[PDB]
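Quick notes on the structure that follows.
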Amino acid sequence: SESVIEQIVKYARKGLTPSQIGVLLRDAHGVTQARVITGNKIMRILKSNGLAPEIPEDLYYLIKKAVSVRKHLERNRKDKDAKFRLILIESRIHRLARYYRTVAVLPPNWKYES
Amino acid sequence: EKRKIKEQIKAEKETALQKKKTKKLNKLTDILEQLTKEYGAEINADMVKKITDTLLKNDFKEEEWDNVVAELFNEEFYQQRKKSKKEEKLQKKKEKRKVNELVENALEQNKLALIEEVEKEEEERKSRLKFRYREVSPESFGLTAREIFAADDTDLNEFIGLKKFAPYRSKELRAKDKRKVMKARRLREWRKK
Amino acid sequence: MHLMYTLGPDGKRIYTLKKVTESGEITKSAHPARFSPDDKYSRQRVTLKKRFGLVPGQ
Amino acid sequence: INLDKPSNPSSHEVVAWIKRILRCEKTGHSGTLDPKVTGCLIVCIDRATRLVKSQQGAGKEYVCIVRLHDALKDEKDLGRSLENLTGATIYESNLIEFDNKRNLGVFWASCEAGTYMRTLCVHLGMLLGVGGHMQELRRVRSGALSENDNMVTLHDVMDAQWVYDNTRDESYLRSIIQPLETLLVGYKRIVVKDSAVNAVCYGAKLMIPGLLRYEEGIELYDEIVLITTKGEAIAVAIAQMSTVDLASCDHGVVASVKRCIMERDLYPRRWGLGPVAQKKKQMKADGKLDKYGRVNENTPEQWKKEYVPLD
Amino acid sequence: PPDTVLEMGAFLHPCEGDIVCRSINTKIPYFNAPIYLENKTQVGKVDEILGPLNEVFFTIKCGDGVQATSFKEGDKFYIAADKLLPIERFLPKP
RNA sequence: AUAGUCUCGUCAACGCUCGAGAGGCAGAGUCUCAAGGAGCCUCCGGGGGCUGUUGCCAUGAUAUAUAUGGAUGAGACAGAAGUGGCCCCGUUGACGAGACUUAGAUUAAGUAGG
RNA sequence: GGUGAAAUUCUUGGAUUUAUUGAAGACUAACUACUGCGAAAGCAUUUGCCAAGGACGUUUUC
């Protein structure tokens, strides 16, 4: 499946999420069993090709949610609920970023910005 | 209402994809029949698959279809009773159907490319952060992609974890893990088991 | 269509192109109506034919 | 059913539609119409589908319209050209009407298939020199029945089935549907006793004691119909003696069943009840005749002289 | 409460405090069979069966506390599947 | 045993419209096509006629496209989808499979016992 | 007016009541609820817009 690996590398060059890339590969190949191709296998194939993500997928999705609720607070400043949960998710992503810095997957030089 | 709108959009996208697929398929088999008539000899399925891959990479249109016909005119692509007669014609029709099935398999190989082309056409009709990958050192780890796909995800995780293959870690630990994992006896035992 | 007919004195068809014969009788169309198996209009036809006694066997 | 086929579908599709409407177990037809051709179609239902093979090769009569490409200089010569093409395939033909301003001619002909009508139109246009093609085609007679012999449409069949399903009236279905014996009018009739009807339905060769009446003009190896006194048809058979031989002899075989139309046990089983039959049974039981019934050594010579096996 | 319900009737007329319904289903209900709504709630009992064979109607006698004017056109009324009879049962025997 | 009848699946031969498709029929959705417009004249703002054997849409079908048809219709999506909605030539002979009989056709007032 | 009985106040200039108009702030009568939602605070007029969730299933570079 060298052509499949080339297509996976081309999709990874398009800035797609590894889970989204695996879902697209399963949809294109018609994989009835999800155990054959998984996100861990996609990450292993990307490491074999030499591509590793800059940020974790969960941290990226949390940052996207934080950006969305920040845009909502910019639209509506009178709301208390979105501000409170923004404080909560910033606490959560700060804890996860500290865990990632200790695990050294995320470089310790990079710091989360509010 | 949102569910109905999403279902309608999905149905429209599926119909557009089906129309693009059948247009590509019938033009491609017409070009293949024309090339078979011009050459006068049977064409291998591997050469047809290579030509289909080249056409998919070329992003073929009608002018690019003429260009593909010209490339087929080049030497590289050119080199690549009555009841019994009716049965032979039926066998030839079955061979043509097998060639069409090979063309459909090639289109399924480029189904990601076809979906990308359909999405580009939809974006052109509409006329309207990011995730980045850092560079890392490649390691094949002695296993091919087909060999990895022929093994379970649990066995691959047990053999080598994602944390053990951390890209932003020290190189000495990665070298030690590679040296401990590249044993020929362990690989032979895993292959035999 | 072109094939037209009138019913003869003995009950047999006589075919012609002409819309009106020499005697002045208006000719009929020799071709029957289109049919579909999914015809859901048997009830209306039977009712209207029963109002005027045009059902065979009535 | 004598049916007026519409000009969109084919004959087989119409037959399959009738099978769905009437909920038949089996439906057939003898003559096949092209999809564009309209006209007479004979539809056989269930047991009537046994007659379909006997209905093959029957005479067909068509009424056709030919369109001429150019106006004619001489009118009646057209009829002469029609007389040039009839006979030795179109057997007989007759030009009903012609309009030179409309360039259209309607004519009746006796033919075998609808394609020969198109060939006749092309040949008429070629022999005239102006050129012509088929405009419309209609079959006005297929087989024994014609278009005047109670022809109904598919709407009539659907409406009659709806009437019987919902109103429970049977007169409209009985009006549209004809007995299968309408297909057997031209055959020569032989009347069978009610005791022999079930034996003939079981495949036995009809003999002298089962015979009641025989039609004059029956020849050797001729197609016949075996009928009861109620007029229903038992079978289509091959006659084995002529009329004078039917009148003359006292023992013999008169018919052999080609195709059995009647249901097997519609009549009770009354064979083996007779003087000669019970005499043979008694001598078989006693041992004068053997188990199969052939001549044995213990059989007296009087029975051998009086009785001869026909088989 | 019934285990399963089937689409029995469609609202046609509220006449005289009873519900007239076109019989959507192709089988004949029991007399005095309970009629339910799709949350399996009893609205009334079958009072009368009428109409031709092609178009069967039935009249539901509403239970107490239910008014006939409260319903609207296009409403559906449901019955337990045990309370049905084949149409060929009432037809004359061959 | 022999023979016949009914319901079937295969082979061979013989004819025909030469027979499973990018097929046809039936059905559902969307779109297009009906001299519904325009200009002249008129008779009493309305009505009639003409340009108008015109224009619009479909068809090269053994084919006059200066033609033939148009709602009692045609075409595109559709070389698609669907068929678990239907249809795709007959005759003769042989073989094989499930069966029913092996039939000479009675009775001018009954059946079963003592 | 209100009270157990009272009392303070308003006025024949019209108190109070009834009908209409204009302006201001507030709220969403019954259904209606210690079994719904929310971390709490608290939350039922119509119509849109925005962001985020609860329970369930498939799972996760976990």
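Each chain in the structure tokens gets a letter, A, B, ..., in the order shown, and its residues are numbered from 1; ligands are numbered from 1 in order too.
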Might you pull out every residue within 10 Å of residue A:56, with only C-alpha atoms (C1' of nucleotides) counted and same-chain residues fewer than 5 positions away left off, and present them as a list in words?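 Counting only the stated atoms, we get residues 17, 61, 62, 97, 100, 105 and 106 of chain A; 131 of chain B; 61 of chain G.
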Residue contacts of stretch 46-54 of chain G (10 Å, only C-alpha atoms (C1' of nucleotides)) excluding same-chain residues fewer than 3 positions away, as a PDB file with N, CA, C and O atoms (P, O5', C5', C4', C3', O3' and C1' of nucleotides), in the first residue's frame:
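And here's out-v3.pdb as it stands now:
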```pdb
ATOM      1  N   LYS A  65     -11.828  25.305  20.666  1.00  0.00           N
ATOM      2  CA  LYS A  65     -13.003  25.624  21.477  1.00  0.00           C
ATOM      3  C   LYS A  65     -12.801  26.915  22.263  1.00  0.00           C
ATOM      4  O   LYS A  65     -13.733  27.720  22.402  1.00  0.00           O
ATOM      5  N   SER A  68     -13.246  29.744  19.902  1.00  0.00           N
ATOM      6  CA  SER A  68     -14.661  29.936  19.590  1.00  0.00           C
ATOM      7  C   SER A  68     -15.386  30.676  20.711  1.00  0.00           C
ATOM      8  O   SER A  68     -16.140  31.625  20.458  1.00  0.00           O
ATOM      9  N   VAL A  69     -15.156  30.272  21.964  1.00  0.00           N
ATOM     10  CA  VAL A  69     -15.843  30.941  23.067  1.00  0.00           C
ATOM     11  C   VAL A  69     -15.256  32.332  23.299  1.00  0.00           C
ATOM     12  O   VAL A  69     -15.949  33.237  23.775  1.00  0.00           O
ATOM     13  N   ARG A  70     -13.988  32.541  22.924  1.00  0.00           N
ATOM     14  CA  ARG A  70     -13.413  33.881  22.987  1.00  0.00           C
ATOM     15  C   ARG A  70     -14.036  34.794  21.939  1.00  0.00           C
ATOM     16  O   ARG A  70     -14.283  35.977  22.203  1.00  0.00           O
ATOM     17  N   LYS A  71     -14.298  34.260  20.744  1.00  0.00           N
ATOM     18  CA  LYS A  71     -15.006  35.025  19.722  1.00  0.00           C
ATOM     19  C   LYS A  71     -16.429  35.339  20.167  1.00  0.00           C
ATOM     20  O   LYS A  71     -16.958  36.422  19.886  1.00  0.00           O
ATOM     21  N   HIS A  72     -17.066  34.395  20.866  1.00  0.00           N
ATOM     22  CA  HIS A  72     -18.400  34.649  21.405  1.00  0.00           C
ATOM     23  C   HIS A  72     -18.378  35.729  22.483  1.00  0.00           C
ATOM     24  O   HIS A  72     -19.294  36.558  22.556  1.00  0.00           O
ATOM     25  N   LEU A  73     -17.353  35.725  23.340  1.00  0.00           N
ATOM     26  CA  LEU A  73     -17.224  36.777  24.347  1.00  0.00           C
ATOM     27  C   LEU A  73     -16.940  38.128  23.704  1.00  0.00           C
ATOM     28  O   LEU A  73     -17.388  39.167  24.204  1.00  0.00           O
ATOM     29  N   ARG A  75     -18.126  38.929  20.792  1.00  0.00           N
ATOM     30  CA  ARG A  75     -19.435  39.311  20.274  1.00  0.00           C
ATOM     31  C   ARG A  75     -20.361  39.781  21.391  1.00  0.00           C
ATOM     32  O   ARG A  75     -21.017  40.821  21.266  1.00  0.00           O
ATOM     33  N   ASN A  76     -20.425  39.033  22.492  1.00  0.00           N
ATOM     34  CA  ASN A  76     -21.310  39.343  23.612  1.00  0.00           C
ATOM     35  C   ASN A  76     -20.494  39.344  24.898  1.00  0.00           C
ATOM     36  O   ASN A  76     -20.038  38.289  25.350  1.00  0.00           O
ATOM     37  N   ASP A  81     -21.751  33.016  31.490  1.00  0.00           N
ATOM     38  CA  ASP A  81     -21.589  31.568  31.370  1.00  0.00           C
ATOM     39  C   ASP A  81     -20.397  31.203  30.491  1.00  0.00           C
ATOM     40  O   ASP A  81     -19.585  30.339  30.850  1.00  0.00           O
ATOM     41  N   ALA A  82     -20.289  31.843  29.324  1.00  0.00           N
ATOM     42  CA  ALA A  82     -19.186  31.548  28.418  1.00  0.00           C
ATOM     43  C   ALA A  82     -17.857  31.986  29.019  1.00  0.00           C
ATOM     44  O   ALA A  82     -16.836  31.321  28.837  1.00  0.00           O
ATOM     45  N   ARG A  85     -16.957  29.284  31.684  1.00  0.00           N
ATOM     46  CA  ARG A  85     -16.471  28.031  31.120  1.00  0.00           C
ATOM     47  C   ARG A  85     -15.174  28.254  30.349  1.00  0.00           C
ATOM     48  O   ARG A  85     -14.360  27.336  30.218  1.00  0.00           O
TER      49      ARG A  85
ATOM     50  P     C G  37     -32.361  16.506  33.365  1.00  0.00           P
ATOM     51  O5'   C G  37     -31.876  17.975  32.981  1.00  0.00           O
ATOM     52  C5'   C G  37     -31.693  18.351  31.625  1.00  0.00           C
ATOM     53  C4'   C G  37     -31.500  19.839  31.485  1.00  0.00           C
ATOM     54  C3'   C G  37     -30.274  20.418  32.164  1.00  0.00           C
ATOM     55  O3'   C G  37     -29.081  20.219  31.430  1.00  0.00           O
ATOM     56  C1'   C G  37     -32.145  21.770  32.646  1.00  0.00           C
ATOM     57  P     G G  38     -27.713  19.902  32.206  1.00  0.00           P
ATOM     58  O5'   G G  38     -27.415  21.235  33.023  1.00  0.00           O
ATOM     59  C5'   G G  38     -27.002  22.415  32.351  1.00  0.00           C
ATOM     60  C4'   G G  38     -26.716  23.533  33.319  1.00  0.00           C
ATOM     61  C3'   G G  38     -25.790  23.199  34.477  1.00  0.00           C
ATOM     62  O3'   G G  38     -24.421  23.183  34.115  1.00  0.00           O
ATOM     63  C1'   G G  38     -27.656  24.390  35.285  1.00  0.00           C
TER      64        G G  38
END
```
As number ranges by chain, list the residues of chain A assigned to helix (DSSP H, G or I) by DSSP on the backbone atoms of this structure. A: 2-12, 18-29, 39-49, 57-75, 81-103
Polymer residues at most 6 Å from stretch 133-147 of chain D, only C-alpha atoms (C1' of nucleotides), same-chain spacing of 4 or more positions, as a PyMOL selection string: chain D and resi 37-40+58-67+118+121-122+151
Using only C-alpha atoms (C1' of nucleotides), which residues sit within 12 Å of residue G:59 once same-chain residues fewer than 6 positions away are excluded, as a CSV table (one decimal) with N, CA and C atoms, in the first residue's frame?
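Result went into around.csv, see below:
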```csv
chain,number,residue,atom,x,y,z
A,19,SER,N,-7.0,11.8,13.3
A,19,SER,CA,-8.3,11.0,13.3
A,19,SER,C,-9.1,11.3,12.1
A,34,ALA,N,-12.5,-1.6,11.7
A,34,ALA,CA,-11.7,-0.4,12.1
A,34,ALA,C,-10.4,-0.8,12.8
A,35,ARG,N,-10.3,-2.1,13.1
A,35,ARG,CA,-9.1,-2.6,13.8
A,35,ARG,C,-7.9,-2.7,12.8
A,38,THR,N,-6.1,2.2,12.2
A,38,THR,CA,-6.5,3.0,13.4
A,38,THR,C,-5.7,4.3,13.4
A,39,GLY,N,-6.0,5.1,14.4
A,39,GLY,CA,-5.2,6.4,14.5
A,39,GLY,C,-3.8,6.1,15.0
```
With only C-alpha atoms (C1' of nucleotides) as the counted atoms, please give the residues lying no more than 6 Å from stretch 27-40 of chain C, apart from itself and same-chain residues fewer than 4 positions off, as a PyMOL selection string. (chain C and resi 3-6+19-20) or (chain D and resi 6)
May I have the residues from that selection written out with C-alpha atoms, as a short mmCIF file (atom, residue, chain, number, x, y, z; two decimals), in the first residue's frame?
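The resulting file, out28.cif, is reproduced below:
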```
data_model
loop_
_atom_site.label_atom_id
_atom_site.label_comp_id
_atom_site.auth_asym_id
_atom_site.auth_seq_id
_atom_site.Cartn_x
_atom_site.Cartn_y
_atom_site.Cartn_z
CA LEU C 3 -56.31 5.49 -38.62
CA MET C 4 -60.00 6.24 -38.11
CA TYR C 5 -63.04 3.99 -38.20
CA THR C 6 -66.83 3.92 -38.11
CA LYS C 19 -62.39 12.69 -39.95
CA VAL C 20 -65.97 12.89 -41.27
CA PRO D 6 -52.01 -0.22 -26.62
#
```
Compile the contact shell of residue C:43 as a VMD selection string: residues with an atom at most 8 Å away, counting only C-alpha atoms (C1' of nucleotides), same-chain residues fewer than 3 positions apart removed. (chain C and resid 40 46 to 47) or (chain D and resid 159 162)
Excluding stretch 94-102 of chain D and any residue of its chain fewer than 4 positions from it, enumerate the residues within 7 Å of it, using only C-alpha atoms (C1' of nucleotides), and give them as a list in words. residues 16 of chain C; 71, 72, 79, 106, 107, 108 and 109 of chain D
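Put simply, atom CA of residue B:166 is 28.9 Å away from atom CA of residue A:88.
When only C-alpha atoms are used to compute distances to chain D, the closest of the residues E:1, E:14, E:63, E:52 turns out to be E:52.
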Check: which chain B residues lie within 10 Å of chain F using only C-alpha atoms (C1' of nucleotides), as a list in words: residues 15, 18, 19, 22, 23, 25, 26 and 27 of chain B
Gap from atom CA of residue B:48 to atom CA of residue B:93 - Å, one decimal: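 According to the coordinates, atom CA of residue B:48 and atom CA of residue B:93 are separated by 17.2 Å.
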Which chain D residues are at most 9 Å from chain F (counting only C-alpha atoms (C1' of nucleotides)), as a ChimeraX atom specification? /D:8-13,16-17,56,68-70,113-116,119,122,131-133,193-205,207-210,251-252,257,259-260,264,270-277,292,309-311
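Using only C-alpha atoms for every distance, the candidate list A:84, A:112, A:57, A:91 yields A:57 as the residue closest to chain B.
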Interface residues on chain E facing chain D, 12 Å, only C-alpha atoms, written as a short mmCIF file (atom, residue, chain, number, x, y, z; two decimals) with C-alpha atoms, in the first residue's frame:
```cif
data_model
loop_
_atom_site.label_atom_id
_atom_site.label_comp_id
_atom_site.auth_asym_id
_atom_site.auth_seq_id
_atom_site.Cartn_x
_atom_site.Cartn_y
_atom_site.Cartn_z
CA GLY E 51 -69.32 1.81 4.46
CA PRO E 52 -68.72 -0.22 1.32
CA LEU E 53 -66.06 -2.88 0.88
CA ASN E 54 -63.71 -0.56 -1.02
CA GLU E 55 -64.07 2.26 1.53
CA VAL E 56 -64.73 1.05 5.08
CA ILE E 87 -62.24 -9.05 5.66
CA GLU E 88 -62.80 -12.42 3.96
CA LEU E 91 -67.62 -12.44 2.91
CA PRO E 92 -69.92 -15.31 1.85
#
```
